Amino acid sequence: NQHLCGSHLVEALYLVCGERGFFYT
Amino acid sequence: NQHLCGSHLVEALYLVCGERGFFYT
Amino acid sequence: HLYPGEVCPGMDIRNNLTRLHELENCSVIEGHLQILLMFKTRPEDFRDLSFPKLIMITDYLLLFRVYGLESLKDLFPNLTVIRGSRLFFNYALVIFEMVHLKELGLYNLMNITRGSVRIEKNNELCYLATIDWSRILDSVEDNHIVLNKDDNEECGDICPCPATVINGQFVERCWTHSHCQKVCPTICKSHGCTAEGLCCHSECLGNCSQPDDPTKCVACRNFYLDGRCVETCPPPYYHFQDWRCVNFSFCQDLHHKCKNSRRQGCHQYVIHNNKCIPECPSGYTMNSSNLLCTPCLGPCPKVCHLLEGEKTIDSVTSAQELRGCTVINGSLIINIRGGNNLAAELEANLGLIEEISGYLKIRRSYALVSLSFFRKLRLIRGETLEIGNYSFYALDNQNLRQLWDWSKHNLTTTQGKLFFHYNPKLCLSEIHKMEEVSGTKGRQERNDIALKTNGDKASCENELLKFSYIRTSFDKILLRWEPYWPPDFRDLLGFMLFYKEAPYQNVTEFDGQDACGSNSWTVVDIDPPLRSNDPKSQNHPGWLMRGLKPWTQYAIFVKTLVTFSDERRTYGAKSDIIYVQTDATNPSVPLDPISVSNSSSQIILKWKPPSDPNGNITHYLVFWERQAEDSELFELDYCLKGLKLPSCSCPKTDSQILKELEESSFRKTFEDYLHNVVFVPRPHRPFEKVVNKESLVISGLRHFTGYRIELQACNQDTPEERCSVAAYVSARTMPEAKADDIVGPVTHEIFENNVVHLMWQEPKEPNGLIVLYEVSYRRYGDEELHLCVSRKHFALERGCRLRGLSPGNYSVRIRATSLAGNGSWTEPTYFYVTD
Amino acid sequence: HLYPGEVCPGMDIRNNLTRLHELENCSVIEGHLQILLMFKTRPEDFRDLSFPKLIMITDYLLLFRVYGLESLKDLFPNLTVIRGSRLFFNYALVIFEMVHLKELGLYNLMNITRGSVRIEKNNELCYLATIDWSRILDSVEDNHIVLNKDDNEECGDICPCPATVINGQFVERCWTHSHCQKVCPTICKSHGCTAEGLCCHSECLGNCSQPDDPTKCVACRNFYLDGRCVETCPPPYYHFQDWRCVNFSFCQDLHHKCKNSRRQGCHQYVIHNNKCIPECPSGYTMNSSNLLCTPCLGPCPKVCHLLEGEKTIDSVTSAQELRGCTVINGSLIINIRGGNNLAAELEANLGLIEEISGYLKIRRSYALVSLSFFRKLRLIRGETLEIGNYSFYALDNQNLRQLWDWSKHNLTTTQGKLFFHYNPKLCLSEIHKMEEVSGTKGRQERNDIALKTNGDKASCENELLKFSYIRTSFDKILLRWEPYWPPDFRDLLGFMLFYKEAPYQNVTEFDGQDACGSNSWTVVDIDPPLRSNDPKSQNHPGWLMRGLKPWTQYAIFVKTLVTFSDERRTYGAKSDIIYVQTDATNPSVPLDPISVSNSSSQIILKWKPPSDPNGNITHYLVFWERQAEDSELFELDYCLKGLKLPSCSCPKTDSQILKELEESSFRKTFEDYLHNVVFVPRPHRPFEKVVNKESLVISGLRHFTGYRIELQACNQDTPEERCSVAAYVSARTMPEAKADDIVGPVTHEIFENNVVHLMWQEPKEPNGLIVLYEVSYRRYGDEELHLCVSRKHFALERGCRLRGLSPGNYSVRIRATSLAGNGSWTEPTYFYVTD
Amino acid sequence: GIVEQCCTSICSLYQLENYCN
Amino acid sequence: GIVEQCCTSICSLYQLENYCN
């Protein structure tokens, strides 16, 4: 599918970037 | 009223012209 | 003769009666016959004139609002055939708003060829249910007999015609008070018969003079030629008006007398294929001298220059003006209101068109099923367009299902814009497929064609569901099918499981139909399976049905449920229909065990088959047993008082469904705001088994006893013998014979204290149980004094005694009275005691 | 102290735990506090840190997807107040998708000021039904507690807090395993109380140290000033962020430190009305030196330069960015999904707008009721338009009812085109009235605004029906109202008569609601009245109801029914609602007549009131009667065996309704074609009446007899005494006394044949009927030999006898045994006979 | 043609007198 | 802004890696 919507996006974003953290202003 | 439609007009038109008759080609 | 009168043109009748004089010598009438609007007319002057020779009517006969006629039988006695070349709003005979019409009187209607019949709004008619249209007509569906005096059964209907069974009743079919309907024998229907039933020559209809003659009947089928009628006329003559053939000397001056343009009622009649046709069709052009029409050089189409740009098509009379035309130089609107169907005549009437110039608009239709009557559409021009700059317009079509089969069809649209609204049986796939044959691909208006109501009540999906595991029991059934997700899994409402039973596998496709009642499918609703976020998941959904009758055929299928949105995606999925069956089980109890006591060694017993068979039952389980007959009666003195003698819903809660979709998407729009803030991009008993019967007799069995006989019905036996419960009935033989009384030596012993002891023998094989020896002693001149001795009294004494006797000669006699009745008497013995 | 800690600005917590270190030393937090997305976190390192001093949170507290917290009671022990100046999508406290949260642990929540709370998607929580939000919150309607572990009763819920009855149960309200919820006494709600119930100074909330003190509680209501809190601050200071007041030496440098445009998170704070506001509103402009803002010369509109042209309004969070603005330099879209209502906060948030530049579009709303929250719309510019060239766009609004009250409102539209679809509670009169205030009158598109679906499920008519004759009975009711016709009388389907009962005249307006069962109105359908073509007509229609309960209030009204067509005319009519009542009648039978035999002159009897009252009953009809006691018993020898001892539907069939409108209009189009061809233009018992009681005793009446007592209930009496049927009950006294036995001289007469005749006296007033004199004679050494004498034997003999007696001395005694029992014995007399 | 001239809009006595000669 | 870039159309691994620094 790769329509990473709903609770996929909270998991798969961590699955690709689980150590840098996310970005904030 | 004078919305001569439906079964009014079959009686209303004879009442105004019941002696010459109607017209046909 | 066949048609002895004159050929006689069509005519109208209005405002007087003197214009009916010129029907003096007519028999056939080409065209139509309209009698209309006489108000100053007494009922007297209809009883002196008639039209006896009028036989054939081509197109239609119309009666509307005439004051003074009560029946037509004094005017039209011998008319038989309604040919129906041209019609009148799908009908051929219409009676409308009569004031004096008591009875019809049309005892000679034989064959209505093309069209139908309709009578409304007449509060004076009777005998209308005694007509039997299905013997005259060739169709019954487009008839209409509503709103007359016979809406209430009040005006008699007593009438002397085989009293047919065409309906569920034995109704007698008669025209009027003095006529009854003639019906042919059914070996030869349309050939016409005589009074003796010997039907005529095959080219005749209705009445005849003598059968098997093509020269002396009343009206043929195909044509007419000079006292005869042949199927195809020989070519000294050419056909004309599809009921005659005639020489070319006849048609030629009709072209000549009104090639002078003095009336537009002619057409320049041309010879083609032995026909005297008004206009020969496309690909042909007339020659001057020969008066035929030769194959035209190149393509030259017969254009149809439509008056005032648009012509609405209401019925087959509106459609017959376009017959033969192929280039429409205007626009075209089809509008068929109500009724049954017209798609059997539109192919043969305007199925030869190719070029429309304006727009095609389908509004307000109710009973079309397909647009396939348009055989040869390929090009829609659009020099003019409808308002809003449109070219194709479908609106409020309650049953329009398939536009065209695209695999064998073409369609071009030069310019314009299409439009769709309120088409509840029309799929969103077809209109998109309509675009892919069309010249347009993205010419839209915003708002263009609809997306929500077009086919909202008729399903299509291009995703299918397969079942995986089926589990069978006798009462429950467990179901499990494959997992499935839309491309956004938050949009999922669960599943709909429709199910019902069926006796066979001829189950119709579920079109979509609900009720509060029970005449259609029932449905259960299922919570959606939980999300795993794992492509190998537990999410195989399932549901278990509970209240099912065992050994019954079933049919199930499931359906998805998505929120309808603005995107033309996520169409959901439909599982295929399948068939499953419940398992077998124990049978039910058999019914009504009836036994009759007629003989000693014949004890009959019958029963009824059980209510629930639970499959094919195999046999029965009978049992019987003898019994010692209730030994509490053995200690009764049978001389006191008392002796015994043996023998409401909720289909849809749509606001809550609107509430269910609201709060679910409220959860969808909540997290959508959450993500867009928190993330920022980086810049044992004797018995037997009986089979195939409902009654049973048992022989070889003891007289006067009870047999409690119980009976089970049962399915298959040798693996897991499983049967139902029984029901117990007692049974008795016929009442006993002489053996209830005993024969024996009646001996006595005299004691010195005047007590006489009697010795005898008891009954050995009694009437079940002997209860009383009715002994009685009798002196000369004295009545038969009876005495009493019990069962226990004889058992202790082995005899009886009598105390306090006068000296004399006595006559003592014994009766063995059993519980089933009294026996005979013994010998009255003579013993004497002296002084 | 009140707030002894520091101020802290807002902060976010992401991907680690080391950034929570800088919450070391403060108590209040302005802005908000977001803790977000820690995955590599054990549950161990939360058991050593806390934040004990944090008390006040201004806007919102957010927890979403943290791996490792089980409770917050080891982090936030003392926070009490959520101020709610800014919100977060109508909420102020949101817990979303927690993985480890066993229990909340928030034992100090006192007052949620503005907004609501919502916790979803946590499969680990418990004790959630023990919280009692209505004691903390000020609203309960917009809360959302769904889809947790407490969907199933499985998490224990045994907990030691007054156990309130705020619901229908006596549920105990506690936070966690070791805490109870504190509840104030209800004489002083929001002032804060102590453990002894003596509530504090009026300017405090929640916990306090000592009551009635404004200097030593924990958190006040209005503001804060230096260990005190006053309702309005004195003006050495100006207010700031609606929770403090502070000197202008403080507010001046925040204008100075970031008038340097280094961050857009500031606003140039201006003094106005003792407030340190970010921007003072329209009609004002700031001065340079004084730092206030003076009233501007002329009009100065505070414009609101909207980013990217359009900003969708999803909630009060999205709407608070427009607060104070009055000129919208873009377009505007309102979109409120689901929920309860937001029309109480939009007026105080964007109700000060006057000028929109783009377009206003209302899609997908569910819970709006009116657009009156827009207070001051007058001009819609439309420099840009929506696609299709539109300016006003309403679509799919399930409850939008009134657009505006036009009598006190104005609206201009410079250009553009309006649009309406799927507005089921929006009338066609309003959108035409919307046109008559608008600048446009006939700017349409074809297809423009809808005409069929807009308000199809909510009625409006501008024609009314008055009733003429009402007829009242006890069972039926006959109804007759005025005649009425549409402008074309063929378009009429009949009438719809809705009716139901009501206990009072507080009957709601019929909104339109159906059910397949019985919880709402039932409806009957009426054939239309026939045509007379005469203005003085019989055609007053009528219908008679049948199955009505007597003496019941009713409410009826009727409704018209027209075919919906393209013409915006013949809207039909609505009759006004009225009230009628059925008449009274006979009552029903009273229930349960219960009588108890306790005394001889007290016979109690109670009953029950009847089931059907049929109005107010007035009294009762009692009757009683004595009886001769069954004289068949007078001729029994009472010495044999046997002595006696006394004491699913069709709400709508819409396809057939579609069939009914089809074939009716099929009759319309048929005569429509007929007229256009045939017409061518020219070129007694003791009793009483008892009232107000349910039991009755009757005195002065005979011992040991039956009284059949029957009882009726009854309505009004003197004109037309009409009562119900009765029910009969026998009644008896206490068992009899000594009078069942008699005292008398027991005299004897000796005859010469040793037969002794005894003379005595009988009982005079017996136990109803004396049945047996149990006489008994006794010899010395011999037992009490009993003898027998019946009623008829004493009646014929006047005494008794004994036959065959040995010579001696005997002791004879009599017992009077009646049918109600045995009496005593008489004197054993001594008579002697000798040899 | 007498319907749309005398049922859709209002109808005059000079109009329908043409229909009777 | 991560929904309409990664739920309405297809989404790439180079797009969403910007969201993680």
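Residues numbered from 1 in each chain as written, not as in the entry; some residues may be left out. Chains lettered and ligands numbered in written order. Heavy atoms only, no water.

- The deposited coordinates derive from cryo-EM, with the record listing a resolution of 4.18 Å.

## Quick word on the sheet that holds strand β24 (residues 379-380) of chain D
All names here are of chain D.
Reasoning step 1: Reading across the sheet, the 5 strands line up as β18-β20-β22-β24-β26 and stay open at both edges, with parallel pairing between neighbours. Looking along the sheet, the strands with just one partner apiece sit at the ends: β18 (303-304) and β26 (412-413).
Reasoning step 2: The pairing of strand β20 (residues 327-328) with strand β22 (residues 355-356) spans 2 bridges and is classified as parallel. Across the sheet, residue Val327 finds its bridge partner in β22, namely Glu355. (Pairing = 2+ DSSP bridges. Helix = DSSP H or I, 4+ residues; strand = E, 2+ residues; numbered from the N terminus.)

## Notes on the interface of chain C and chain D
Reasoning step 1: Taken together, the 52 residues of chain C in the interface contact 51 residues of chain D.
Reasoning step 2: Taken together, chain C and chain D are joined by 3 salt bridges.
Reasoning step 3: Taking the shortest distance from any N to any O, the salt bridge between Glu662 of chain C and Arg337 of chain D comes out at 3.1 Å.
Reasoning step 4: At the junction of chain C and chain D, the tally comes to 8 residue pairs in polar contact.
Reasoning step 5: Mapped onto the side of chain C that touches chain D, the elements with two or more residues apiece are β4 (32-38), β6 (60-66), β8 (93-96), β10 (117-120) and α6 (654-678) of chain C. (Contact = heavy atoms within 4.5 Å. Salt bridge = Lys/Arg side-chain N within 4 Å of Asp/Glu carboxyl O. Polar contact = N/O pair within 3.5 Å; in protein donor to acceptor, adjacent residues only side chain to side chain.)

## A word on the pairing of strand β2 (residues 11-14) of chain D
Residues and elements named next belong to chain D.
Reasoning step 1: Burial of the side chains of β2 extends over both faces: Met11 and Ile13 are buried on one face and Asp12 and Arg14 on the other.
Reasoning step 2: Examined bridge by bridge, β2 and strand β4 (residues 32-38) share 4 bridges and lie parallel to one another. Pairing of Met11 across the sheet is with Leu33, part of β4. (Buried < 20%, exposed > 50% of the residue type's maximum accessible area, 1.4 Å probe, protein only.)

## Brief notes about helix α6 (residues 654-678) of chain D
Reasoning step 1: In this model, α6 of chain D (25 residues) spans 37 Å end to end at C-alpha, consistent with the 36 Å of a helix rising 1.5 Å per residue.
Reasoning step 2: Three or more residues of α6 of chain D are buried, namely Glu662, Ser665, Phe666, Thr669, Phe670, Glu671, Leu674, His675 and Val678 of chain D. (Expected span 1.5 Å × (residues − 1).)

## Points about the state of the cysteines
Working definition: the covalent bond between the sulfur atoms of two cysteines is a disulfide.
Reasoning step 1: Throughout the structure, instances matching the rule amount to 44 disulfides over all chains.
Reasoning step 2: With its sulfur 2.0 Å from that of its partner, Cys5 of chain A forms a disulfide with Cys7 of chain F. One disulfide, between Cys5 of chain A and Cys7 of chain F, carries an S-S torsion of 100° and so falls in the right-handed class. Here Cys5 of chain A, found in the segment before α1 (7-16), pairs with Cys7 of chain F, found in the segment before α1 (13-16), and the two come from separate chains.
Reasoning step 3: Disulfide pairing is shown between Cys516 of chain C and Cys516 of chain D; the S-S distance is 2.0 Å. Pair noted here: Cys516 of chain C is in the loop between β33 (495-501) and β34 (522-526) and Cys516 of chain D is in the loop between β31 (495-501) and β32 (522-526), and the two residues belong to different chains. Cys516 of chain D matches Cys516 of chain C in its accessibility class, with the two residues each being buried. (Disulfide = S-S within 2.5 Å.)

## Details of the interface of chain E and chain D
Reasoning step 1: Opposite the 7 residues of chain E that make contact, chain D presents 7 residues.
Reasoning step 2: Between chain E and chain D the total buried area reaches about 680 Å² when both faces are included, carbon and sulfur atoms providing 49% of it.
Reasoning step 3: Broken down residue by residue, the surface that chain E buries against chain D is led by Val3, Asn18 and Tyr19 of chain E, which jointly contribute 59%.
Reasoning step 4: Where chain E touches chain D, the interface holds 0 salt bridges.
Reasoning step 5: Class assignment of the residues belonging to the side of chain E that touches chain D gives a composition of 3 nonpolar, 3 polar and 1 charged. (Buried area = accessible area lost by both parts, 1.4 Å probe. Nonpolar A, V, L, I, M, F, W, Y, C, P; charged D, E, K, R; others polar.)

## Overview of the UniProt feature "disulfide bond" in chain C
Residues and elements named next belong to chain C.
Reasoning step 1: Annotation check: the disulfide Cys220-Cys229 recorded in UniProt is satisfied, the sulfur-sulfur distance being 2.0 Å, below 2.5 Å.
Reasoning step 2: On the basis of relative accessible area, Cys220 is assigned to the buried category, the value being 3%.
Reasoning step 3: Assessed through its relative accessible area of 7%, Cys229 is described here as buried.
Reasoning step 4: Inspection of the UniProt-annotated bridge between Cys304 and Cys325 gives a sulfur distance of 2.0 Å, within the under-2.5 Å criterion for a formed disulfide. In this pair, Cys304 sits in strand β20 (residues 303-304) while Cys325 sits in the loop between α3 (316-319) and β22 (327-328), placing the two residues 21 residues apart along the sequence. Across this residue pair, the class does not change: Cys304 and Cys325 are buried. (UniProt positions renumbered as here; feature names shortened; annotations may be inferred.)

## Some details on the arrangement of the chains
Reasoning step 1: For the 9 pairs of chains in contact, the largest share of contacts goes to chains C and D.
Reasoning step 2: With respect to C-alpha atoms, chain A approaches chain E no nearer than 57 Å, and the pair has no contact.

## Considerations on the relation of the copies chain C and chain D
Reasoning step 1: Expressed as a screw operation, the relation of chain C to chain D combines 0.2 Å of axial shift with a rotation of 180°, fitting to an RMSD of 0.2 Å. Given the turn and translation reported, the copies of this chain are related as if by a two-fold rotation axis. (Least-squares fit on C-alpha atoms.)

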